[PDB]
Amino acid sequence: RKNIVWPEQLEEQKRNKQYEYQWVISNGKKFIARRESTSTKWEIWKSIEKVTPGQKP
Amino acid sequence: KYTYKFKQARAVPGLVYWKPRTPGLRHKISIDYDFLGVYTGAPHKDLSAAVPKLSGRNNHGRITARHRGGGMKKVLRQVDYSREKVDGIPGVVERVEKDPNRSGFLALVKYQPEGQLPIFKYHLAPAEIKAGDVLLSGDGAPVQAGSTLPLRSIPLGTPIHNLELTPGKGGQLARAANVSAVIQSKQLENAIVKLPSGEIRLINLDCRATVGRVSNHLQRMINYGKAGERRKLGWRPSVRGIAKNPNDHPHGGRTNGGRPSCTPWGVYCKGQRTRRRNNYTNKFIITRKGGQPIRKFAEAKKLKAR
Amino acid sequence: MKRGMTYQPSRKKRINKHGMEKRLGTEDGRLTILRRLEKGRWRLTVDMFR
Amino acid sequence: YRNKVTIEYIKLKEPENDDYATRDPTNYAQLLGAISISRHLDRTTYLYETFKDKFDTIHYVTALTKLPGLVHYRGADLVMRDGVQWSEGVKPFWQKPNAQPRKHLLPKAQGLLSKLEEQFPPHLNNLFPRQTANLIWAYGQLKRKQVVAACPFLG
RNA sequence: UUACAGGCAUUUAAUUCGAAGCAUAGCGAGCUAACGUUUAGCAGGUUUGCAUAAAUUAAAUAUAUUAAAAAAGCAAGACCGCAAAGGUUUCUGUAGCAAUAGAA
RNA sequence: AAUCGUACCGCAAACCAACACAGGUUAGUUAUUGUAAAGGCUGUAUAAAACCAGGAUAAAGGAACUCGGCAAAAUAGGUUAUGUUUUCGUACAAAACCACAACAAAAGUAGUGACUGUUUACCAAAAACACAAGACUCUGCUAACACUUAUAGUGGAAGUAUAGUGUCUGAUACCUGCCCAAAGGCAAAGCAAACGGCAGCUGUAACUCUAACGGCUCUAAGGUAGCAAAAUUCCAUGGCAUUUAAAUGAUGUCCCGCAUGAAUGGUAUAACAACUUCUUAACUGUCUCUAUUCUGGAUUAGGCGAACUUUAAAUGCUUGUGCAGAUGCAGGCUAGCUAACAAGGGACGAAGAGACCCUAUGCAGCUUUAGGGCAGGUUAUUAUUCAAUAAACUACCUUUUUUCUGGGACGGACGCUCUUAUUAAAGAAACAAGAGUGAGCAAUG
Ligand SMILES: [K+]
Ligand SMILES: [K+]
Ligand SMILES: [K+]
Ligand SMILES: [K+]
Ligand SMILES: [K+]
Ligand SMILES: [K+]
Ligand SMILES: [K+]
Ligand SMILES: [Mg+2]
Ligand SMILES: [Mg+2]
Ligand SMILES: [Mg+2]
Ligand SMILES: [Mg+2]
Ligand SMILES: [Mg+2]
Ligand SMILES: [Mg+2]
Ligand SMILES: [Mg+2]
Ligand SMILES: [Mg+2]
Ligand SMILES: [Mg+2]
Ligand SMILES: [Mg+2]
Ligand SMILES: [Mg+2]
Ligand SMILES: [Mg+2]
Ligand SMILES: [Mg+2]
Ligand SMILES: [Mg+2]
Ligand SMILES: [Mg+2]
Ligand SMILES: [Mg+2]
Ligand SMILES: [Mg+2]
Ligand SMILES: [Mg+2]
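Protein chains in written order, with PDB author numbering: chain Xc, 37 to 93; chain Aa, 57 to 362; chain AB, 114 to 163; chain Xd, 63 to 217.
Structure (structure tokens):
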């Protein structure tokens, strides 16, 4: 079996994942939306109450 | 060779002799892991992975390895055959575990490098290593079971296992249950090593090996009592050649064995050689299994042609 | 055993095996579409609707 | 060996120079070659649509200079000579007065040229006398044929 | 000799209809065969080999120990059997209810 | 907080089967001690034929039936002192005792496979296959081997000779003898648990018989133990004993056995079997020998409304005749008319351009030491830093495998001369008959 992915490889790929960030407003509340660089789907990640803009969480 | 007197005696420790309550239990002999102290639970989460069964089918989807598939779920363990990462750091054995993918036993070892977090690894268990033992590798280690050293620092008569053909790729030669290899002499840049099959070969002195044997001495005493016991392991039944029809096998016809025994593709299977006569690796093999000199094998059809 | 029941309908199977997206994925499927355009069939695939 | 055998080796001769007819260019030089040796307007239009962004000043000049040769005259306005073959300054036919282009080629040439003229202006300051001369010659040919009425960049 | 009409012959699908088959290219695993991933089901009873607890409950109470279904478990290609999956024997049916069914 | 599903059918007259088709179709829930809450569903008009199907009861006998206890019937269940066999776990016999209403069905002998399993959808479920287990052989890791145009890639295996590939035997117990000559295959000049083989004649012990014991020929070796009228035996229903009133049967036993025999295994074996064989107990409409009866169809009435088939018809018997078995032709007979219910002798009755056999410009699949080829792998030789050639082994491609004939096969025959019968001109056939020949001579011109 020449193709196996071990847990160490899974964690390395997860830590090397890039995202595109976009701020949106919903019902007067601000949310952060992100899209994975290798996909075309956007999703709402978190709100500004739990995230600090300007850092790398 | 299994005999019914062996099961009746019920002598060898470490085996489970199932009482003949049913037809499928009369000849069944297994291994008692609890009596041996071998852990038979789930593997370490950070050193294991769940994978689908292939059932002997390649990327084209066709059967290339016959009589496979239909077993239980498969989980694979990652084993560090080369301990070059942890050369200086000593390791403490936590458990000895059983793996259905191999015939030997694996050992879980924890390392504590200075200034870092603990590290866990799997290693092929030597013959006489139990939980709590200390394993060491690299220069400055004693010549004792479980130690990994280059061939330049191993005595001639000491049995070894998990030997590396290449300097740093990893051990590949001696892995099966209760097997070992010995060193006969050491030359300028090579050592003469006798392999478990009885072959004498040249191996570079910078390769590494582990002192001792493999850690399962009850492999040959097992008897599966049922057909379904090997079905659960992932093996399927096979049909004899003379039982098939002419369009299926060379032995298909009504008569039995009209022609000398051969493979399904017509190759004689009772002594015909399959290794390449001009194989590049002939330069490292001194004597083949059974005592045949390499030159006798390399130059056998050339004399007949002449 | 009684025969004649070789068809077991499944909507997901029908789209995947004979759908337009499948016919357009290979060269031979594209040729099949052209053959049906040349003959002038009103419905090109089982997957088509307005 | 009752039936004697004779063996012959046949070599398949091929043209020395490659005609960029089917393969897609993948380099700066390959794109120039495909444009220069293009045989039909459909080929030139295909190259521009697919590799639009991989164009330079030389590529735009080459496309313009070759467009006049891809516009063919009507077969009814040409008379074939008896046995004459293409040579240096000699053609296998002579043209009737005021020959007209093919009916179905004018819209293609006009459409293709309009796209080229749109993207050219930024490259006007990177031309050499050879490139300027070829552009002037090409437009004059494109005016003799009913493709353009004036040269936007004449000034 | 040339032309025309006719009879016969040669060649080209050549009086008409009809095979089992051979070669090349495409469409099929929603039936069935093997396999992969995910999911679910199998009343009520019987026989047998093992298994003891953050400190099992009582008595002995040291010493020596003893009694108790004191176990919300594992094992069996185990047994009688409702569902279910099969198709052993008989009869009915035979263009039939059914191009393979019904009752026992 | 947007977007899509929400009606109706869903063990069915609405889904899969051409149908309102006795077939097929997944999961989740509900009442009920000997019963059963909710909910759901509903059949042209009659009856005192034969016959057919599915049930019930039956005097006396109880397998006398039949290829065969097929089908039907039957105290069927539980606990036992004692005995037998075991692979020590099991399995079987057993007088007797114990049962509220429901549910109910044997043992022994032999043959073959250890066992649970799997198989020809639609005539074969088995002794066939698989199986745990034994042995042989190949494979040093970029392993052998398989898929592929392979220069890729993938399975083997992320395994490492206590492992993996292929082959034959088939739990277990006791055993497993000799041969590598010739023609092949493979290999390290050797290999049989690789493919295969394993004789004949003749003389001899008190009377007889037999031959313990001799002689000769030949071969690579000459079948050892075991078992044996077999799932193997042509004479054949072999001889003897048991079993019955009666034995081509069953069991045991005698045995160079046309043509038994040791891993294409030999001989036994507890348990197991919708497998084949025989026997015992009990039970019975299987039978002597049938009778009565219930339900449904048939049968009678109204309504609705098919199919096979049809050269034309107003369509008797008998003997004779004839393409050789006559409703239709010749003689001798036959005289109210049309149907209903019932039976099935004939119409060489209907259904499917005979399958058996022979004949083709025949077709296809399979096999091989029938001919030819090299186009994959292996092997050999040579050359450049994944190549070229081939009388070899494996795989693959293509082609050939007469006619005559008292049907075909088997056997025999096919050219050319002389002679016999079909009279005394010539000619004249049969797988009719009786004899020659495919040369010789340098002189035998
Ligand atoms: K097998
Ligand atoms: K055969
Ligand atoms: K079973
Ligand atoms: K064999
Ligand atoms: K059976
Ligand atoms: K009749
Ligand atoms: K005859
Ligand atoms: Mg067969
Ligand atoms: Mg069971
Ligand atoms: Mg079946
Ligand atoms: Mg009676
Ligand atoms: Mg009788
Ligand atoms: Mg069996
Ligand atoms: Mg069974
Ligand atoms: Mg069948
Ligand atoms: Mg069966
Ligand atoms: Mg059957
Ligand atoms: Mg055995
Ligand atoms: Mg035999
Ligand atoms: Mg056998
Ligand atoms: Mg009626
Ligand atoms: Mg007559
Ligand atoms: Mg008459
Ligand atoms: Mg016929
Ligand atoms: Mg003939």
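The C-beta atom is built at its ideal place from N, Cα and C for all residues, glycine as well.
Selected residue, minimal CA-CA separation from residue 253 (chain Aa), among Aa:124, Aa:233, Aa:344, Aa:140: Measuring from the Cα of residue 253 (chain Aa), the nearest candidate turns out to be Aa:344.
Just the Cα atoms here: how many angstroms apart are residue 64 (chain Aa) and residue 95 (chain Aa)? Whole-angstrom Cα-Cα distance: 28 Å.
Paired residues, beta bridge with residue 71 (chain Xd) - DSSP: DSSP output for residue 71 (chain Xd) lists no bridge partner at all.
Neighbourhood of residue 196 (chain Xd) by C-beta distance below 7 Å, restricted to the same chain and skipping five residues each side: If the five residues before and after residue 196 (chain Xd) are omitted, its C-beta is found closer than 7 Å to the C-beta atoms of 123, 127, all from its own chain and listed in chain order.
Quick one, which residues of the region 160 to 187 of chain Aa are near chain Xc if we go by CB-CB under 9 Å, in chain order? Along the region 160 to 187 of chain Aa, there is no position whose C-beta sits under 9 Å from a C-beta of chain Xc.
Hey, quick one: how far does the alpha helix (DSSP H) through residue 128 (chain AB) stretch, first residue to last? For residue 128 (chain AB), the enclosing alpha helix (DSSP H) covers residues 124 to 131.
Please check if any C-beta of chain Xc sits within less than 8 Å of the C-beta of residue 134 (chain Aa). Yes, because at least one Cβ of chain Xc sits closer than 8 Å to the Cβ of residue 134 (chain Aa).
Go ahead and label residue 266 (chain Aa) buried or exposed: buried means 16 or more other beta carbons lie within 10 angstroms of its beta carbon, across all protein chains shown. The C-beta of residue 266 (chain Aa) has 16 or more other C-beta atoms within 10 Å across all chains shown, which makes the residue buried.
Would you list the residues sitting across from residue 237 (chain Aa) in a DSSP beta bridge? Answer is Aa:216.
Using only the alpha-carbon positions, how far apart do residue 116 (chain AB) and residue 126 (chain AB) sit? Cα-Cα distance, rounded: 22 Å.
By the criterion of Cβ-Cβ separation under 8 Å, what are the contact partners of residue 102 (chain Aa) in chain Xc? Against chain Xc, the beta carbon of residue 102 (chain Aa) has neighbours under 8 Å at 43, 44, listed in chain order.
Note down, in chain order, all residues in the region 76 to 108 of chain Aa with a beta-carbon under 9 Å from any beta-carbon belonging to chain Xc. The region 76 to 108 of chain Aa vs chain Xc, Cβ under 9 Å: 101, 102, 103, 104, 105, 107.
Going by Cα to Cα distance, which pick from Xd:172, Xd:99, Xd:102, Xd:92 is closest to residue 113 (chain Xd)? Answer by Cα proximity: Xd:92.
Go through its chain and collect everything with a Cβ distance to residue 66 (chain Aa)'s Cβ below 8 Å, but skip five positions before and after it. Excluding residues within five positions, the ones whose Cβ falls inside 8 Å are 73.
So who's on the other strand from residue 67 (chain Xc), going by DSSP bridges? Answer is Xc:60, Xc:83.
For residue 106 (chain Aa), the first and last residue of its enclosing beta strand (DSSP E): Segment 104 to 106, the beta strand (DSSP E) holding residue 106 (chain Aa).
Residue 190 (chain Aa), buried or exposed, once every other Cβ within 10 Å from all chains shown has been counted against 16: In this structure residue 190 (chain Aa) is exposed. Its beta-carbon is surrounded by fewer than 16 other beta-carbon atoms within 10 angstroms.
Here's the rule I'm using: 16 or more other beta-carbon atoms within 10 Å means buried, otherwise exposed. How should residue 299 (chain Aa) be labelled? Burial call: exposed.
Would residue 133 (chain Xd) pass as a contact of residue 96 (chain Xd) if the rule is Cβ separation under 8 Å? With respect to the 8 Å criterion, residue 133 (chain Xd) and residue 96 (chain Xd) are not classified as neighbours on the basis of their beta carbons.
Host beta strand (DSSP E) of residue 209 (chain Aa) (start-end): Premise fails: residue 209 (chain Aa) is in no beta strand (DSSP E) and is neither H nor E.
Tell me the residue span of the beta strand (DSSP E) that contains residue 152 (chain Aa). Per DSSP, residue 152 (chain Aa) belongs to the beta strand (DSSP E) from 147 to 154.
I need the straight-line Cα distance from residue 219 (chain Aa) to residue 350 (chain Aa), nearest angstrom please. Their backbone Cα atoms lie some 22 Å apart in a straight line.
Hey, out of Aa:173, Aa:233, Aa:152, whose CA is closest to residue 21 (chain Aa)'s CA? Because chain Aa in this structure spans residues 57 to 362, residue 21 (chain Aa) falls outside the shown range and cannot be described.
Under the criterion of a Cβ to heavy atom distance below 7 Å, does residue 294 (chain Aa) qualify as lining ligand 1? Answer for residue 294 (chain Aa): yes, Cβ within range of ligand 1.
In the DSSP assignment, find the beta strand (DSSP E) that holds residue 246 (chain Aa) and state where it starts and stops. Where residue 246 (chain Aa) is concerned, the enclosing beta strand (DSSP E) stretches over 246 to 250.
Of all the options Xd:129, Xd:100, Xd:137, which has the alpha carbon lying nearest to the alpha carbon of residue 221 (chain Xd)? The requested residue 221 (chain Xd) is not part of the displayed model; chain Xd covers only 63 to 217.
How big is the Cα-Cα spacing for residue 178 (chain Aa) and residue 54 (chain Xc)? For residue 178 (chain Aa) and residue 54 (chain Xc), the distance between alpha carbons rounds to 33 Å.
Taking 8 Å as the cut-off, decide whether the C-beta atoms of residue 306 (chain Aa) and residue 315 (chain Aa) are in contact. Yes, they are a contact pair.
Determine, using beta-carbon pairs with one atom in the region 75 to 85 of chain Aa and one in the region 259 to 273 of chain Aa, whether at least three such pairs fall under 8 Å. In short, these stretches do not touch, since the Cβ pair count stays below three.
Is residue 165 (chain Aa) closer than 8 Å to residue 32 (chain Aa) when the C-beta atoms are compared? Because chain Aa here runs from 57 to 362, residue 32 (chain Aa) falls outside it and cannot be looked at.
Any residue with its C-beta under 6 Å from a non-hydrogen atom of ligand 2 counts. Can you list them all in chain order? The set, ordered by position in the chain, is Aa:307, Aa:309, Aa:311, Aa:314.
Any chain Aa beta carbon closer than 8 Å to residue 68 (chain Xc): Output row for residue 68 (chain Xc): interface = no.
Output yes or no for whether 8 Å exceeds the beta carbon distance between residue 232 (chain Aa) and residue 249 (chain Aa). It is not a contact, given that the beta carbons lie outside the stated cut-off.
Check whether residue 185 (chain Aa) and residue 202 (chain Aa) have beta carbons under 8 Å apart: Taking 8 Å as the Cβ cut-off, residue 185 (chain Aa) and residue 202 (chain Aa) qualify as a contacting pair.
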